[PDB]
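Asker: Submitted below is the structure of interest, expressed as structure tokens.
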Amino acid sequence: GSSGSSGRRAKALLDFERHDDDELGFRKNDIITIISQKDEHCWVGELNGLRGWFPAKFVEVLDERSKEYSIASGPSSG
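Everything in the sequence shown is counted per the deposited numbering, starting at 1 for the first residue and increasing by one.
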């Protein structure tokens, strides 16, 4: 249906209870949309209508491709 800007999403490997309001917590096996990756160590995603930093190591990156149309293969070795 609708369409717009698409970002990234990291899957939580374990439960992380944010200590500071700035820290973004999450439950084990939780999906969080990455908004601004402060750095290769500290990332900022979105969850429960919240936005805070968190250790990427605690979570895992996800690069999937759905509803793929614009891109496709055709003339392959013939």
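Just so you know, even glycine gets a beta-carbon here, dropped at the ideal spot from N, CA and C.
Using 8 Å as the threshold, is the C-beta distance between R9 and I35 below it?
Answerer: As a position in the sequence shown, residue 9 is number 9, starting the count at 1. As a position in the sequence shown, residue 35 is number 35, starting the count at 1. No. Outside cutoff.
Asker: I31 to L13, Cα distance in whole Å?
Answerer: Here the question's residue 31 lines up with position 31 in the sequence shown. Here the question's residue 13 lines up with position 13 in the sequence shown. Whole-angstrom Cα-Cα distance: 10 Å.
Asker: Using a Cβ-Cβ cutoff of less than 7 Å, which residues in the same chain neighbour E60 once the five nearest sequence positions on both sides are dropped?
Answerer: For the purposes of this step, residue 60 is taken as residue 60 along the sequence shown, with counting starting at 1. Once the five neighbours on either side are set aside, the close Cβ partners of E60 are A10, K11 and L13.
Asker: Residues in the same chain with beta-carbon distance under 6 Å from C42, minus the five sequence neighbours each way, listed in chain order, please.
Answerer: Numbered from its first residue, the sequence shown carries residue 42 at position 42. So the list reads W53, once near-sequence residues are dropped.
Asker: Measure the C-alpha to C-alpha separation of residue 87 and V44 and round it to an integer number of angstroms.
Answerer: Lying before the first or after the last residue shown, residue 87 is absent from the chain, which here runs from 1 to 78.
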